[PDB]
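J.: Just so you know, the sequences run in chain order A, B, C, D, E and F. Residues 3 to 59 (this note's numbering) make up the first sequence, in order. Residues 6 to 46 (this note's numbering) make up the second sequence, in order. Residues 420 to 732 (this note's numbering) make up the third sequence, in order. Residues 32 to 93 (this note's numbering) make up the fourth sequence, in order. Residues 47 to 178 (this note's numbering) make up the fifth sequence, in order. Residues 12 to 195 (this note's numbering) make up the sixth sequence, in order. Ideal placement from N, C-alpha and C gives every residue a C-beta, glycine not left out.
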Amino acid sequence: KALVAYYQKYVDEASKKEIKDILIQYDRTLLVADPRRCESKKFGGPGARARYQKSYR
Amino acid sequence: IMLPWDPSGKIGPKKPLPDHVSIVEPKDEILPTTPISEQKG
Amino acid sequence: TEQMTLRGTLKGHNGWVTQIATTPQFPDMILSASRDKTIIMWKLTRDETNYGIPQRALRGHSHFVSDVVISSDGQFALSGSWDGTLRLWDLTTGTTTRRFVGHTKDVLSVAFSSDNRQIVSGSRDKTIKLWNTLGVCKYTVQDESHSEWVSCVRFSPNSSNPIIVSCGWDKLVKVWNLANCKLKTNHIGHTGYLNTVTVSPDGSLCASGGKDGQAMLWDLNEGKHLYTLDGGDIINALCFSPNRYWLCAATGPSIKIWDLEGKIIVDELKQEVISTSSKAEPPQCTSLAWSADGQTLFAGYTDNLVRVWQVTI
Amino acid sequence: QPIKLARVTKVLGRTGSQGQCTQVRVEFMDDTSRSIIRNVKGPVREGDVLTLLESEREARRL
Amino acid sequence: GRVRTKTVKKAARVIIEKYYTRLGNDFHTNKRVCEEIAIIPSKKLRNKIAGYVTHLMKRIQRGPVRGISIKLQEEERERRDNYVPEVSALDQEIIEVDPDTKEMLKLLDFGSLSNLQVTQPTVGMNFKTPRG
Amino acid sequence: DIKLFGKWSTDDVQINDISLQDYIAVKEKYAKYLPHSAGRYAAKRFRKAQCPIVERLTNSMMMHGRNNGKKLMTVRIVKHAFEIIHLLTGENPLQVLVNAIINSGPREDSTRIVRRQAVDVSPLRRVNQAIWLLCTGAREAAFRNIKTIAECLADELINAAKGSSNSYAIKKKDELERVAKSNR
RNA sequence: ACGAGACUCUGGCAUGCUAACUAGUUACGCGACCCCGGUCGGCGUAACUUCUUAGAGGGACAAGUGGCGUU
């Protein structure tokens, strides 16, 4: 992202376009942050979704 | 008791209910066709 | 007598082009605002492959850039955006010199003076603010101002008349005095909200287009309704040719140029490789501006492309 | 009998006791104008090729 | 599950019905229309309403919508519904007439017209649908 | 430029089965340097299919509890496995993997539509089942053995690609198809 | 009409805004070590707020395109 930002400001946008293309084509995550964060635990379980073992009889 | 709404904020709160969408009435404006100026000074 | 053509398309926007501002100084360069955060300073190469290539992006606005205008010198560039602020870009280096803060709501329009001294800014807060190039709101119109948004503002190239124009969504064209900072005259007659106002290169008459599709002319010498031209669709942007005796209109999908002498169409300009054949709306033209020499017409549509229109005959 | 290939031209419905089998209109890419309805396990989209170990069954429709 | 609730639709209909001429097809302009001409306490609800407004504006461009009214109502149900042809489909040269319709015109004053072609009667008296 | 793990250049490899050609993502576009990536392949339905099969293998290796989220540790296993495959066979290890995924996927399987009638499989089902089977082969093979994971994973991929029926994956695949013929 | 939704908090975005010696970065000087440069959560002061904090705004609406559907 820093080189793409350097090539935006301090050379032409033709070089920055060319390089953004080659990076995004390979892997989107080179220039875009994954918004995924550790989901909050809830009571009645050891974590977010998983619940504590229900007992019958 | 559910309080009524007042912008004064004395008898109730100042924020309206999120459900309520108060749409203001369009003014009875007349559409012209005449060459009209209003020069002054 | 003839027909316009495409030379090429200019492709370096994600959001669709809201304003194109030309310059007399640099002919191998055009500056266009956009519905994204970018304002692209182009480089016109005139190749087989690409007519225009993007040289610089003026990023900095929070939201949509609605209006851009270049200085007469071609050293600075002023932009008005929906963030509610203005930028004055060092067009050489590509950074903000001055950032003008004062407007409450979205700044829809902005213009320089011919001397690049005065700045007039039309916003959705029913106000027009007068700025210096050092960021001081010298005067604000409040008492007798527009009843709705200020959709466009332009200056008189005639220095003899300290007079500016302002179309609004109140369906009125107001004419202001720069000196005393209160209006000379109102212009009532135009039905439907106004999108655009362009002032003639002379500084003698002005065309106001909007919702009606009725480009009404307005003489600056004596405020009188000269005559009306039927656009057909909604009018988005007008522009008088700098050298020629031609008024241009961005009427829905088409670019409709008239001759001023004979009240008759010269050319209607549309897409030739039509893809909106089945239950699809064509990408409507929203902003356009004639070149330095009045030879080329740059036009930004809603499909994120700047299309060019040069004279063939 | 040979092992033949068929292309999914249309995925009709979701059949099976627990709705565990897509019911699918398959076009034989050998005999390009012969088509049958046929039950398929796993996720099926339009235009993926099935390997049939026999091409003579035909599923009962929804 | 992006179904608009009654609060979104009612608001979006009334906003078109009263402020039709201020709207367009762009979401982002009539988002700011909905900001001005209505006092909506939420930003999310503002967008929902602006969004359905734009959807109904595209529907109005196609044709008239069951739950809204346009000012003329609307150059087709008003103006084009005053359609008149050159000559009426009634004004016929040769009007075909049944022999028994000729009889009830004979027991009227109008026993002899010029422009009535009395036809041969419908032989094979068979006009019902078979049972079961 | 040039690829995989250092040293297993992708294009070279033919996907023989035109049925699985779409859902065995190995070649041209999916040529990445590691079996590691951010992910998002399990957000939408078929996004799984556009994941490079070496990352699929790596993910499906970390199983039986104690290994869950030890991806770097199974990136390494697959690295050392591809070493062993190249030295023991002399082929491009990607080609050996692809051949195994093709030969290891059951082509039709029984289900409950009683005495459970037979149905066909999705090509994606075959890829998923193939990866599961030959990983479950490698995992079972190595348990309480002096043989390592990288050796067992290599030997499973060889004997599967070879078409041996001495592999765990090919024996269970033949066993599914045999039960499927038993009720068609 | 209540309930659902709206709402509130929270996660993700802002090289736009507001600012900071109880938060930094970058420059510069000083000092250490290696053969101009490299290292330094060694020391200090000159701009700035990207990183940091938390305020105001913005931002997403099935909005754009193609399909299916009383269209």
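Tell me whether the beta-carbon of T428 (chain C) lies closer than 7 Å to the beta-carbon of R726 (chain C).
T.: The answer is yes: Cβ separation under 7 Å.
J.: Taking 7 Å as the CB-CB cut-off, is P134 (chain F) touching chain D?
T.: Judged by the 7 Å Cβ criterion, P134 (chain F) is in contact with chain D.
J.: Only counting the same chain, and skipping five residues up and downstream in sequence, which positions put a Cβ closer than 8 Å to that of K38 (chain F)?
T.: So the list reads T21, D22, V24 and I26, once near-sequence residues are dropped.
J.: Express the C-alpha separation of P12 (chain B) and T53 (chain E) in angstroms, rounding to a whole number.
T.: Cα to Cα, the separation comes out at about 22 Å.
J.: Beta-carbon of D36 (chain A) versus every beta-carbon of chain F: anything under 7 Å?
T.: Yes - at least one Cβ of chain F is within 7 Å of the one on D36 (chain A).
J.: Anyone know if the C-beta pair for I583 (chain C) and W568 (chain C) falls short of 7 Å?
T.: Not closer than 7 Å, so no.
J.: So, helix, strand or coil for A90 (chain D), using DSSP?
T.: The answer is coil: DSSP assigns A90 (chain D) none of H, G, I, E or B.
J.: Rounding to the nearest angstrom, what Cα-Cα distance links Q714 (chain C) and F16 (chain F) in this structure?
T.: So the two alpha carbons sit approximately 58 Å from each other.
J.: Within 7 Å of any Cβ in chain C, is that where the Cβ of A4 (chain A) sits?
T.: No - not a single Cβ of chain C is within 7 Å of the one on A4 (chain A).
J.: How should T437 (chain C) be labelled, buried or exposed, when 16 other C-beta atoms within 10 angstroms of its C-beta is the threshold for buried?
T.: Its Cβ being crowded by 16 or more others within 10 Å, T437 (chain C) is buried.
J.: Using only CA atoms, which one of F:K183, F:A49 and F:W19 lies nearest to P117 (chain F)?
T.: Considering only alpha carbons, the answer is F:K183.
J.: Starting from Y129 (chain E), trace the beta strand (DSSP E) in both directions and tell me its first and last residue.
T.: Segment: none, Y129 (chain E) is in no beta strand (DSSP E) and carries neither H nor E.
J.: So, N170 (chain F) versus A129 (chain F), is the Cβ gap smaller than 7 Å?
T.: No, they are not a contact pair.
J.: Pull up the distance between the alpha-carbon of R506 (chain C) and that of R518 (chain C), whole angstroms please.
T.: Rounded to whole angstroms, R506 (chain C) to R518 (chain C) spans 5 Å at the Cα level.
J.: Between the alpha carbons of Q51 (chain D) and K19 (chain A), how many angstroms are there, rounded?
T.: Answer to the nearest angstrom: the Cα atoms are 47 Å apart.
J.: Which residues in the same chain as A152 (chain F) place their Cβ atom closer than 8 Å to its Cβ, once the five residues preceding and following it in sequence are excluded?
T.: Closer than 8 Å at the Cβ level, and outside the excluded window around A152 (chain F), lie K158, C163, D166, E167 and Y179.
J.: Give me the Cβ distance between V526 (chain C) and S500 (chain C), rounded to the nearest whole Å; I'm assuming they're in contact under 8 Å.
T.: Their Cβ separation, rounded to whole angstroms, is 6 Å, which keeps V526 (chain C) and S500 (chain C) in contact under 8 Å.
J.: So what does DSSP say about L164 (chain F), is it helix, strand or coil?
T.: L164 (chain F) falls in the helix class under three-state DSSP.
J.: Tell me the residue span of the beta strand (DSSP E) that contains residue 415 (chain C).
T.: Since the first and last residues shown for chain C are 420 and 732, residue 415 (chain C) lies out of range.
J.: Expressed to the nearest angstrom, what Euclidean distance is found between the alpha-carbon atoms of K675 (chain C) and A669 (chain C)?
T.: Approximately 6 Å, taken between the alpha carbons.
J.: Put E119 (chain F) into one of helix, strand or coil per three-state DSSP.
T.: Three-state result, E119 (chain F): strand.
J.: Put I157 (chain F) into one of helix, strand or coil per three-state DSSP.
T.: Note: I157 (chain F) maps to coil in three-state DSSP.
J.: What runs of the alpha helix (DSSP H), each 4 residues or longer, lie entirely inside the region 566 to 640 of chain C?
T.: If we require 4 residues or more, the region 566 to 640 of chain C turns out to have no alpha helix (DSSP H) run fully inside it.
J.: Tell me, which residues are paired with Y720 (chain C) by DSSP?
T.: Answer is C:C704, bridged to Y720 (chain C).
J.: Give me the residue from C:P620, C:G513, C:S481 and C:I684 with the minimum Cα distance to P473 (chain C).
T.: Answer by Cα proximity: C:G513.
J.: According to DSSP, is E63 (chain E) helix, strand or coil?
T.: The answer is helix: DSSP assigns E63 (chain E) an H, G or I state.
J.: So what's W143 (chain F) in DSSP terms, helix, strand or just coil?
T.: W143 (chain F): helix per DSSP, three-state reduction.
J.: Mapping DSSP to helix, strand and coil, what is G97 (chain E)?
T.: Correct three-state label for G97 (chain E): helix.
J.: How about the region 621 to 637 of chain C and the region 652 to 660 of chain C: do they share at least three Cβ pairs that are nearer than 8 Å?
T.: Output reads yes: the region 652 to 660 of chain C touches the region 621 to 637 of chain C.
J.: If you draw a straight line from the C-alpha of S57 (chain A) to the C-alpha of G73 (chain D), how long is it?
T.: If I take the Cα positions, the gap works out to 33 Å.
J.: So with CB distances below 8 Å, who are the chain E contacts of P23 (chain B)?
T.: Simply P87, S88 and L91.
J.: Where does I538 (chain C) sit, in a helix, a strand or coil, going by DSSP?
T.: Strand, per DSSP.
J.: Does any CB atom of chain C fall closer than 7 Å to the CB of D23 (chain A)?
T.: Not one chain C Cβ lies under 7 Å of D23 (chain A).
J.: Are there 16 or more other CB atoms within 10 angstroms of the CB of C40 (chain A), so buried, or fewer, so exposed?
T.: When all chains shown are included, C40 (chain A) counts as exposed.
J.: State buried or exposed for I6 (chain B), treating a residue as buried only when at least 16 other CB atoms are found within 10 Å of its CB.
T.: Classification for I6 (chain B): exposed.
J.: Quick one, which of C:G650, C:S566, C:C667 and C:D534 has its alpha-carbon nearest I547 (chain C)'s?
T.: That would be C:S566, whose Cα lies nearest to the Cα of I547 (chain C).
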